[PDB]
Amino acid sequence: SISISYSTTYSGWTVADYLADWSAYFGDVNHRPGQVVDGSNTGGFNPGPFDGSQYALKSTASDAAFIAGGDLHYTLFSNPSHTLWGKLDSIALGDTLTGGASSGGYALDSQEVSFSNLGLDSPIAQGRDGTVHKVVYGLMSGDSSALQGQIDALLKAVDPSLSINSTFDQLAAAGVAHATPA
């Protein structure tokens, strides 16, 4: 079942509220007053160049960033072309990337929220219709709608009462989520 780690900054926020804010910040640094854009590490595949156990990316408009973990692949020109597929175990969201393939993998300088044990596995046959593609390609432009829908489904699988409108603290009571320092 889904496991969620969250900075205590977000304890009283709902999952939907948090994803909306991260996505808005991905589109515009000004969404979070006080932040400046000064990240140099923009991510990529680890090990890469186009497959890895991680795919990390930083926004161009802000230092909002994410890291997808699992066993991931990008088809390039191979049919079905421009497809991101494979096993997606985790999505971590936050601000600024550090590391890389030769430095212990990618990490977030400030990890805000992580969603793990996602259990997503999209075969190459589905192409750009696969859920892994929709989730990770969406996040590449800061769009968290596909991710959100998968989190909602996974929460409802734990208990009918849980959803993306639950707070992180409510999800912690349910046994799904765990707080981290800010």
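Position 1 is the first residue in the sequence shown; the rest follow in order.
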Tell me which stretch, 121 to 129 or 22 to 30, has the higher mean Cα B-factor listed in the entry. 121 to 129
Per the PDB record, is the mean Cα temperature factor higher over 36 to 44 or over 50 to 58? 36 to 44
In terms of the chain's CA B-factor thirds, is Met140 lowest, middle or highest? highest
Using the temperature factors of the C-alpha atoms in this entry, rank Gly100 within its chain: lowest, middle or highest third. middle
Quick check on the deposited entry: does the C-alpha B-factor of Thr83 sit in the lowest, middle or highest third of its chain? middle
Comparing against every modelled residue in the chain, figure out the third that the C-alpha B-factor of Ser90 lands in (lowest, middle or highest). lowest
Cα B factor band for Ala65 (lowest, middle or highest third within the chain): lowest
